[PDB]
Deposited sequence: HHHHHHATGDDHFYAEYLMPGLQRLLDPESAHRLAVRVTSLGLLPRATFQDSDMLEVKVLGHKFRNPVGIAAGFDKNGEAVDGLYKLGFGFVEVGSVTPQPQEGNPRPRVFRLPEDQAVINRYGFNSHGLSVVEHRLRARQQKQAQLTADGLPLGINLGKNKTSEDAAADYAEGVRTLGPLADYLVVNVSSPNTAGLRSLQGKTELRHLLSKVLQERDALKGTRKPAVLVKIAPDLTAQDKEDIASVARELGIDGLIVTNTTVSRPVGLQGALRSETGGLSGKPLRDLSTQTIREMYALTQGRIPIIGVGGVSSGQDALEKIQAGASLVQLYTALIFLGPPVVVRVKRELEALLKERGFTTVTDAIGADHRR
(Lines of atoms letter the chains of each structure in order from A and count residues from 1; the text may use other names and numbers.)
(Lines give C-alpha, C1' and ligand atoms only; values in the text may rest on other atoms or scores of the structure.)
Protein backbone atom coordinates (compact mmCIF):
# COMPACT_ATOMS: atom_id res chain seq x y z
CA UNK A 1 0.00 0.00 0.00
CA UNK A 2 3.11 2.19 0.22
CA UNK A 3 2.87 3.44 -3.36
CA UNK A 4 -0.61 4.48 -4.50
CA UNK A 5 -1.34 5.90 -1.04
CA UNK A 6 1.86 7.90 -0.59
CA UNK A 7 1.48 9.74 -3.91
CA UNK A 8 -1.93 10.87 -2.73
CA UNK A 9 -0.84 12.01 0.72
CA UNK A 10 1.91 14.08 -0.89
CA UNK A 11 -0.65 16.13 -2.80
CA UNK A 12 -2.79 16.67 0.32
CA UNK A 13 0.11 17.96 2.43
CA UNK A 14 2.18 21.14 2.67
CA UNK A 15 5.78 20.49 1.51
CA UNK A 16 7.33 20.42 5.00
CA UNK A 17 4.75 17.95 6.35
CA UNK A 18 5.30 15.85 3.21
CA UNK A 19 9.05 15.99 3.90
CA UNK A 20 8.72 14.71 7.47
CA UNK A 21 6.27 11.95 6.46
CA UNK A 22 8.65 10.83 3.71
CA UNK A 23 11.49 10.52 6.20
CA UNK A 24 9.23 8.50 8.52
CA UNK A 25 7.89 6.24 5.79
CA UNK A 26 11.46 5.64 4.57
CA UNK A 27 12.93 4.86 8.00
CA UNK A 28 10.09 2.43 8.70
CA UNK A 29 11.06 0.69 5.48
CA UNK A 30 7.51 0.95 4.14
CA UNK A 31 8.69 1.52 0.56
CA UNK A 32 9.51 -1.47 -1.68
CA UNK A 33 13.17 -2.44 -1.73
CA UNK A 34 14.79 -1.75 -5.11
CA UNK A 35 15.47 -4.99 -6.98
CA UNK A 36 17.80 -3.35 -9.51
CA UNK A 37 21.30 -4.83 -9.13
CA UNK A 38 24.21 -2.41 -9.41
CA UNK A 39 26.49 -3.69 -12.19
CA UNK A 40 30.28 -3.58 -11.96
CA UNK A 41 30.39 -0.75 -14.47
CA UNK A 42 28.59 1.61 -12.07
CA UNK A 43 31.22 1.25 -9.35
CA UNK A 44 33.30 4.28 -8.43
CA UNK A 45 36.40 4.15 -6.24
CA UNK A 46 36.90 7.65 -4.87
CA UNK A 47 37.38 9.46 -1.55
CA UNK A 48 39.14 6.37 -0.18
CA UNK A 49 35.99 4.29 -0.59
CA UNK A 50 34.07 2.16 -3.04
CA UNK A 51 30.65 3.25 -4.30
CA UNK A 52 28.52 0.43 -5.78
CA UNK A 53 26.72 3.07 -7.85
CA UNK A 54 27.34 6.84 -8.31
CA UNK A 55 23.87 8.00 -7.26
CA UNK A 56 23.40 9.26 -3.73
CA UNK A 57 20.79 11.18 -1.75
CA UNK A 58 21.86 14.79 -1.18
CA UNK A 59 22.21 16.38 2.25
CA UNK A 60 18.98 17.80 3.63
CA UNK A 61 16.56 14.94 3.12
CA UNK A 62 17.63 12.94 6.16
CA UNK A 63 19.05 15.73 8.35
CA UNK A 64 19.08 13.57 11.47
CA UNK A 65 20.17 10.14 10.22
CA UNK A 66 16.74 8.58 10.76
CA UNK A 67 16.28 6.91 7.38
CA UNK A 68 19.74 5.79 6.26
CA UNK A 69 19.03 2.07 5.86
CA UNK A 70 15.78 2.85 4.11
CA UNK A 71 17.60 5.12 1.66
CA UNK A 72 20.20 2.49 0.73
CA UNK A 73 17.21 0.18 0.37
CA UNK A 74 15.80 2.57 -2.23
CA UNK A 75 18.91 2.09 -4.36
CA UNK A 76 21.16 5.01 -3.44
CA UNK A 77 24.86 4.25 -3.80
CA UNK A 78 25.55 6.46 -0.79
CA UNK A 79 23.78 8.59 1.80
CA UNK A 80 24.71 11.98 3.18
CA UNK A 81 23.12 12.66 6.54
CA UNK A 82 21.58 16.14 6.30
CA UNK A 83 23.36 19.08 7.89
CA UNK A 84 23.94 18.45 11.59
CA UNK A 85 24.49 21.40 13.94
CA UNK A 86 26.33 20.97 17.28
CA UNK A 87 23.33 21.96 19.40
CA UNK A 88 19.71 21.29 18.43
CA UNK A 89 17.85 24.20 16.86
CA UNK A 90 14.51 24.73 15.12
CA UNK A 91 15.65 26.75 12.13
CA UNK A 92 13.63 29.56 10.56
CA UNK A 93 9.91 30.13 11.21
CA UNK A 94 7.26 28.57 8.99
CA UNK A 95 6.42 28.55 6.23
CA UNK A 96 9.96 27.76 5.05
CA UNK A 97 9.48 25.21 2.25
CA UNK A 98 7.69 25.82 -1.05
CA UNK A 99 6.88 23.76 -4.13
CA UNK A 100 7.07 25.22 -7.63
CA UNK A 101 5.20 22.36 -9.44
CA UNK A 102 5.32 23.91 -12.89
CA UNK A 103 9.10 24.33 -12.57
CA UNK A 104 9.80 21.01 -10.85
CA UNK A 105 11.57 23.12 -8.28
CA UNK A 106 11.51 23.73 -4.56
CA UNK A 107 12.53 26.76 -2.50
CA UNK A 108 13.57 26.29 1.09
CA UNK A 109 14.81 28.40 3.97
CA UNK A 110 14.77 25.71 6.63
CA UNK A 111 17.69 27.37 8.37
CA UNK A 112 19.47 24.22 9.53
CA UNK A 113 16.70 22.75 11.69
CA UNK A 114 18.62 19.98 13.45
CA UNK A 115 18.37 17.44 16.29
CA UNK A 116 22.00 18.21 17.16
CA UNK A 117 25.19 16.17 17.46
CA UNK A 118 24.29 14.24 20.64
CA UNK A 119 21.08 12.85 19.17
CA UNK A 120 22.44 12.14 15.69
CA UNK A 121 25.56 10.63 17.24
CA UNK A 122 23.37 8.29 19.33
CA UNK A 123 21.35 7.23 16.27
CA UNK A 124 24.35 6.54 14.09
CA UNK A 125 26.31 4.65 16.73
CA UNK A 126 23.30 2.46 17.36
CA UNK A 127 23.80 1.24 13.77
CA UNK A 128 27.59 1.47 13.47
CA UNK A 129 28.09 -2.27 12.90
CA UNK A 130 25.41 -2.34 10.23
CA UNK A 131 27.02 0.65 8.52
CA UNK A 132 30.51 -0.88 8.72
CA UNK A 133 29.16 -3.75 6.62
CA UNK A 134 27.25 -1.47 4.24
CA UNK A 135 30.39 0.61 3.73
CA UNK A 136 32.46 -2.53 3.14
CA UNK A 137 29.88 -3.54 0.52
CA UNK A 138 30.30 -0.24 -1.32
CA UNK A 139 27.52 1.82 0.28
CA UNK A 140 29.35 4.77 1.98
CA UNK A 141 27.91 7.10 4.59
CA UNK A 142 28.54 10.81 4.33
CA UNK A 143 27.86 13.30 7.10
CA UNK A 144 27.37 16.98 6.39
CA UNK A 145 28.42 19.21 9.30
CA UNK A 146 26.71 22.53 9.93
CA UNK A 147 27.00 25.36 12.44
CA UNK A 148 24.54 26.79 14.96
CA UNK A 149 22.79 30.04 14.02
CA UNK A 150 24.00 32.12 16.96
CA UNK A 151 27.45 30.56 16.87
CA UNK A 152 30.51 32.84 16.93
CA UNK A 153 33.26 30.52 15.71
CA UNK A 154 32.13 28.63 12.60
CA UNK A 155 35.38 26.66 12.67
CA UNK A 156 34.79 25.63 16.29
CA UNK A 157 31.35 24.28 15.38
CA UNK A 158 32.69 22.34 12.41
CA UNK A 159 35.55 20.92 14.47
CA UNK A 160 33.12 19.76 17.16
CA UNK A 161 31.17 18.10 14.37
CA UNK A 162 34.36 16.41 13.17
CA UNK A 163 35.33 15.04 16.59
CA UNK A 164 31.78 13.90 17.31
CA UNK A 165 30.57 12.34 14.05
CA UNK A 166 33.86 11.85 12.23
CA UNK A 167 34.38 8.43 13.88
CA UNK A 168 31.17 7.23 12.21
CA UNK A 169 31.55 8.81 8.77
CA UNK A 170 33.16 7.58 5.56
CA UNK A 171 33.33 11.23 4.47
CA UNK A 172 32.54 14.63 5.99
CA UNK A 173 31.15 17.77 4.39
CA UNK A 174 31.49 21.42 5.36
CA UNK A 175 29.28 24.00 3.65
CA UNK A 176 30.38 27.42 2.54
CA UNK A 177 27.08 27.38 0.64
CA UNK A 178 24.00 27.01 2.90
CA UNK A 179 35.25 36.85 4.56
CA UNK A 180 37.99 36.24 2.02
CA UNK A 181 40.29 33.51 0.73
CA UNK A 182 42.18 33.93 4.01
CA UNK A 183 39.33 33.08 6.38
CA UNK A 184 38.30 30.20 4.11
CA UNK A 185 41.82 28.75 4.24
CA UNK A 186 41.97 29.02 8.03
CA UNK A 187 38.49 27.54 8.54
CA UNK A 188 39.29 24.54 6.36
CA UNK A 189 42.77 24.06 7.79
CA UNK A 190 41.23 23.73 11.25
CA UNK A 191 38.68 21.24 9.94
CA UNK A 192 41.38 19.09 8.32
CA UNK A 193 43.51 19.39 11.44
CA UNK A 194 40.62 18.10 13.54
CA UNK A 195 40.13 15.29 11.02
CA UNK A 196 43.80 14.26 11.17
CA UNK A 197 43.54 14.25 14.97
CA UNK A 198 40.86 11.54 14.90
CA UNK A 199 41.80 8.19 16.42
CA UNK A 200 42.12 5.18 14.15
CA UNK A 201 43.33 4.17 10.69
CA UNK A 202 40.33 4.97 8.48
CA UNK A 203 40.28 8.78 8.48
CA UNK A 204 37.16 10.06 6.70
CA UNK A 205 37.62 12.24 3.60
CA UNK A 206 36.74 15.95 3.94
CA UNK A 207 34.70 17.71 1.25
CA UNK A 208 33.69 21.32 0.79
CA UNK A 209 30.17 22.03 -0.48
CA UNK A 210 29.70 25.21 -2.46
CA UNK A 211 26.75 27.20 -3.75
CA UNK A 212 26.39 28.04 -7.45
CA UNK A 213 26.27 31.74 -6.48
CA UNK A 214 29.95 32.58 -6.75
CA UNK A 215 31.87 35.43 -8.33
CA UNK A 216 34.71 34.59 -10.71
CA UNK A 217 37.02 35.36 -7.80
CA UNK A 218 35.22 33.04 -5.35
CA UNK A 219 35.60 30.08 -7.70
CA UNK A 220 39.34 30.69 -8.12
CA UNK A 221 39.89 31.15 -4.38
CA UNK A 222 37.99 27.96 -3.52
CA UNK A 223 39.89 25.96 -6.14
CA UNK A 224 43.20 27.42 -4.92
CA UNK A 225 42.53 26.82 -1.22
CA UNK A 226 41.18 23.33 -1.96
CA UNK A 227 44.26 22.52 -4.02
CA UNK A 228 46.57 24.11 -1.43
CA UNK A 229 45.20 22.39 1.67
CA UNK A 230 44.63 19.04 0.00
CA UNK A 231 40.87 18.95 0.49
CA UNK A 232 39.52 15.53 -0.53
CA UNK A 233 36.67 16.75 -2.69
CA UNK A 234 34.02 19.26 -3.58
CA UNK A 235 30.28 18.82 -3.57
CA UNK A 236 29.24 21.11 -6.30
CA UNK A 237 26.20 23.14 -5.75
CA UNK A 238 23.94 23.65 -2.86
CA UNK A 239 20.78 25.61 -3.70
CA UNK A 240 20.74 29.02 -5.43
CA UNK A 241 19.26 32.34 -4.22
CA UNK A 242 18.60 33.38 -7.81
CA UNK A 243 15.17 33.19 -9.42
CA UNK A 244 15.50 32.57 -13.19
CA UNK A 245 13.31 34.55 -15.56
CA UNK A 246 10.61 32.15 -16.67
CA UNK A 247 9.93 30.50 -13.31
CA UNK A 248 6.18 29.88 -13.31
CA UNK A 249 5.60 28.85 -9.72
CA UNK A 250 3.53 31.49 -7.96
CA UNK A 251 5.84 31.13 -4.95
CA UNK A 252 8.97 32.11 -6.92
CA UNK A 253 9.27 35.44 -5.06
CA UNK A 254 9.88 33.64 -1.75
CA UNK A 255 13.30 33.93 -0.06
CA UNK A 256 15.54 30.88 0.30
CA UNK A 257 17.42 28.36 -1.81
CA UNK A 258 16.07 27.12 -5.15
CA UNK A 259 16.58 23.47 -6.13
CA UNK A 260 15.38 21.05 -8.77
CA UNK A 261 15.26 21.53 -12.54
CA UNK A 262 15.99 25.31 -12.67
CA UNK A 263 19.33 24.53 -11.02
CA UNK A 264 20.24 21.67 -13.40
CA UNK A 265 22.36 23.43 -16.03
CA UNK A 266 23.71 26.14 -13.69
CA UNK A 267 25.00 23.34 -11.46
CA UNK A 268 26.63 21.43 -14.31
CA UNK A 269 28.35 24.57 -15.56
CA UNK A 270 29.75 25.13 -12.06
CA UNK A 271 31.10 21.58 -12.06
CA UNK A 272 32.82 22.19 -15.41
CA UNK A 273 34.49 25.34 -14.09
CA UNK A 274 35.63 23.93 -10.74
CA UNK A 275 36.96 20.81 -12.43
CA UNK A 276 39.02 22.91 -14.84
CA UNK A 277 40.16 25.31 -12.11
CA UNK A 278 41.38 22.32 -10.06
CA UNK A 279 42.72 20.55 -13.17
CA UNK A 280 40.61 17.47 -12.53
CA UNK A 281 42.74 16.73 -9.47
CA UNK A 282 39.92 17.07 -6.94
CA UNK A 283 37.00 14.58 -6.82
CA UNK A 284 33.70 16.38 -7.41
CA UNK A 285 30.26 15.22 -6.31
CA UNK A 286 27.86 16.84 -8.77
CA UNK A 287 24.42 17.87 -7.56
CA UNK A 288 21.54 20.04 -8.72
CA UNK A 289 18.44 19.33 -10.78
CA UNK A 290 19.37 15.71 -11.55
CA UNK A 291 16.14 13.99 -12.64
CA UNK A 292 17.40 11.44 -15.19
CA UNK A 293 20.34 9.22 -16.07
CA UNK A 294 21.00 11.77 -18.80
CA UNK A 295 21.32 14.59 -16.26
CA UNK A 296 23.65 12.48 -14.12
CA UNK A 297 25.84 11.65 -17.13
CA UNK A 298 26.10 15.31 -18.10
CA UNK A 299 27.45 16.04 -14.63
CA UNK A 300 29.81 13.09 -14.66
CA UNK A 301 31.05 14.13 -18.10
CA UNK A 302 31.48 17.70 -16.88
CA UNK A 303 33.69 16.46 -14.04
CA UNK A 304 31.69 14.74 -11.30
CA UNK A 305 32.97 11.42 -9.95
CA UNK A 306 29.63 10.93 -8.16
CA UNK A 307 26.23 12.61 -8.19
CA UNK A 308 23.44 13.34 -5.75
CA UNK A 309 19.80 14.19 -6.12
CA UNK A 310 17.08 15.33 -3.79
CA UNK A 311 14.34 17.43 -5.40
CA UNK A 312 13.65 14.93 -8.19
CA UNK A 313 12.56 12.45 -5.52
CA UNK A 314 9.84 14.96 -4.67
CA UNK A 315 8.42 15.29 -8.17
CA UNK A 316 9.13 11.83 -9.55
CA UNK A 317 8.94 9.74 -6.39
CA UNK A 318 11.22 6.87 -5.20
CA UNK A 319 11.18 5.23 -8.64
CA UNK A 320 13.54 8.01 -9.76
CA UNK A 321 16.53 6.42 -8.00
CA UNK A 322 16.59 3.17 -9.93
CA UNK A 323 15.43 4.98 -13.09
CA UNK A 324 18.43 7.32 -13.03
CA UNK A 325 20.83 4.40 -12.47
CA UNK A 326 19.28 2.27 -15.20
CA UNK A 327 19.33 5.09 -17.74
CA UNK A 328 22.82 6.14 -16.71
CA UNK A 329 23.91 2.55 -17.29
CA UNK A 330 22.38 2.41 -20.79
CA UNK A 331 23.67 5.86 -21.73
CA UNK A 332 27.21 4.91 -20.73
CA UNK A 333 27.14 1.80 -22.96
CA UNK A 334 25.47 3.73 -25.77
CA UNK A 335 28.18 6.40 -25.65
CA UNK A 336 31.14 4.04 -25.63
CA UNK A 337 32.00 4.14 -21.92
CA UNK A 338 32.64 0.66 -20.50
CA UNK A 339 32.46 2.04 -16.94
CA UNK A 340 31.25 5.21 -15.21
CA UNK A 341 34.85 5.97 -14.29
CA UNK A 342 35.81 6.41 -17.97
CA UNK A 343 33.22 9.16 -18.41
CA UNK A 344 34.39 11.27 -15.44
CA UNK A 345 35.57 14.59 -16.88
CA UNK A 346 35.08 13.34 -20.46
CA UNK A 347 34.15 16.83 -21.68
CA UNK A 348 37.61 18.01 -20.64
CA UNK A 349 39.46 15.56 -22.88
CA UNK A 350 39.67 17.28 -26.25
**Item:** Unmodelled intervals of the deposited chain, in order
**Value:** 1 to 13, 192 to 200
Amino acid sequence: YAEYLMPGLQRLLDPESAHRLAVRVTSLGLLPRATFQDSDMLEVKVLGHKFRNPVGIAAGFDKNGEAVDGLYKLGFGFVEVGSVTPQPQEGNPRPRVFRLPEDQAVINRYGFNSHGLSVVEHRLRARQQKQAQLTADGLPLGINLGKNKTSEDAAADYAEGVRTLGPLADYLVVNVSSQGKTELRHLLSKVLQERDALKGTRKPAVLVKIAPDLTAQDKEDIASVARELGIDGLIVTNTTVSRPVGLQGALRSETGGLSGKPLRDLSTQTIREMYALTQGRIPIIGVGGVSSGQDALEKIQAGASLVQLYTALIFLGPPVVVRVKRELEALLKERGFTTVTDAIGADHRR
From here on, numbers count along this sequence of modelled residues.
**Prompt:** So 267 to 275 or 198 to 206, which one's hotter by mean CA B-factor in the entry?
**Reply:** 198 to 206
**Fill in**
For 27 to 35 versus 307 to 315, entry-based mean Cα B-factors point to 27 to 35
**Asked** Which one of 217, 129, 239, 83 shows the top CA temperature factor in the record?
**Response** 129
**Asked** Which of these, 41, 285, 297, 58, has its C-alpha atom at the highest B-factor, as the entry lists it?
**Response** 41
**Message:** When the deposited Cα B-factors of this chain's modelled residues are ordered and cut into thirds, is residue 50 in the lowest, the middle or the highest one?
**Reply:** highest
**Fill in**
Among the modelled residues of its chain, the C-alpha B-factor of residue 99 falls in the third labelled middle
**Message:** Using the temperature factors of the C-alpha atoms in this entry, rank residue 166 within its chain: lowest, middle or highest third.
**Reply:** middle
**Request:** Classify residue 183 as lowest, middle or highest third according to the C-alpha B-factor given in the PDB entry, relative to its own chain.
**Result:** highest
**Among modelled residues of the same chain, the CA temperature factor third for residue 221** = lowest
